[PDB]
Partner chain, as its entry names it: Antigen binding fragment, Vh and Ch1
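Next up is one chain by itself, shown in structure tokens, the form deposited without its partner chain.
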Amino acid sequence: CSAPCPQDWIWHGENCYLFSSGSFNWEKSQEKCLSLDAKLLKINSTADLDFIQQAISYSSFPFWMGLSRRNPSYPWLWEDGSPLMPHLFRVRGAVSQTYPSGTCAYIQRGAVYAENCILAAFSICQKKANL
């Protein structure tokens, strides 16, 4: 018998969620989730979105999620190469631009926005809960 999640994480449904300790570019944030046996946030449902917004409701920080694209001719995809399911959210912000290191999505103050991947943000990591 092990706890579903380590101390300091939030257990929700099948997963465990953690806010990153620091603010880094998307690539570094991805590496830091991987080091914790985790991945960047993947939103599969509006229930997941509502859970995350309630968890970040007290923060004004931007948090990277695992969604990115090279440029606007590419669809948004999660780190695992799966697609963004429809009717979850509309990515706002910098959606028409091409950045040398791609465009990445973050959640901030109740909405999802596109940004240049080289800029810094906090991030949310997630991993499967031990059930």
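Positions refer to the first chain, counted from 1. Rigid core: the largest C-alpha set superposing within 1.5 Å between the two forms.
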| query | finding |
| --- | --- |
| Farther-lying stretch by C-alpha RMS in 7 other deposited structures of this protein, rigid core as reference, of 37 to 45 and 97 to 105 | 97 to 105 |
| Higher C-alpha RMS shift from the shown form in 7 other deposited structures of this protein - 46 to 54 or 62 to 70, rigid core fit | 46 to 54 |
| 81 to 89 set against 24 to 32, stretch whose average Cα temperature factor tops the other in the entry | 81 to 89 |
| 56 to 64 versus 90 to 98 - which carries the larger mean C-alpha B factor in the record | 90 to 98 |
| Lowest, middle or highest third - CA B-factor, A120 | highest |
| Chain third (lowest, middle, highest) by recorded CA B-factor, residue given as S45 | lowest |
| Chain thirds of CA B-factor: placement of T103 | lowest |
| B-factor third for the C-alpha atom of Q126 within its chain | lowest |
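Not pictured, yet referred to below: the form deposited with its partner chain bound.
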| item | value |
| --- | --- |
| Heavy atom of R92 within 4.5 Å of its partner chain in the deposited complex | yes |
| 4.5 Å heavy atom contact, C16 and its partner chain in the deposited complex | no |
| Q97, heavy atom within 4.5 angstroms of its partner chain in the deposited complex | yes |
| Close approach of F61 to its partner chain in the deposited complex, 4.5 Å, heavy atom | yes |
| Its partner chain in the deposited complex reached by all of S23, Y106 and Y113, non-hydrogen atom within 4.5 Å | yes |
